[PDB]
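Have a look below at one chain only, the form deposited in one PDB entry, in structure tokens format.
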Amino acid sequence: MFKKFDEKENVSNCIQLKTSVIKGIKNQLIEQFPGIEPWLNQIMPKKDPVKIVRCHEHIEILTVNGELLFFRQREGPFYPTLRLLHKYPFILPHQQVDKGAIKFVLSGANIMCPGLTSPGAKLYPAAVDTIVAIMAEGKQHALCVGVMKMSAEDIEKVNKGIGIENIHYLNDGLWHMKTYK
């Protein structure tokens, strides 16, 4: 999703905003991710405002105290950044790819079913279009955030084609936009 970002040249095509409809943007995140309600007190404390950041191809990122929390494209669903998912790794359901798949996910590639049906992989029930955290085999922290393009049962039986779309991965353009000031 971030191809025009990773040309270095940070703080270039990104506008930040002050006064936002703050609570009007929270109540959608609890419905998207239910297991987060007891943690937005720390993630988005009411003592600190939120500041939206909009860079092009029509993406906006929610930030508090500089740190990048969620992002979305146009009016689509919110995705947590990996830096935040790392702090609270239970935000998303997990899908675990095998060790051999890391270097491919790390280069922006979508996840094929061989990546999820391998012995080193671990696939869990997930409906189509659900946001998942891409864990790797011998690794503790999420490698990627994706969205099921096929159901977990389809990935098993069909066992080829695109299983999970690669939306945001370690060392991509959003990853290197550390914080905005």
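Only residues modelled in both forms are compared. Throughout, rigid core stands for the largest set of C-alpha atoms superposing within 1.5 Å between the two forms. Quick note: we count residues from 1 along the sequence shown, nothing fancier.
Unshown form deposited in another entry; subsequent notes refer to it.
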property	result
Rigid core fit then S20 CA moved by 2 Å or more between this form and the one not shown	yes
Rigid core fit then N10 CA moved by 2 Å or more between this form and the one not shown	yes
Cα-Cα trend for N13 and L62, given that in the other form the distance shifts by 3 Å or more	closer
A136 and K8, C-alpha gap in the other form relative to this structure (3 Å or more)	farther
Regions shifting between this form and the one not shown, defined as 3+ consecutive residues whose CA atoms all move 2 Å or more relative to the core	6-20
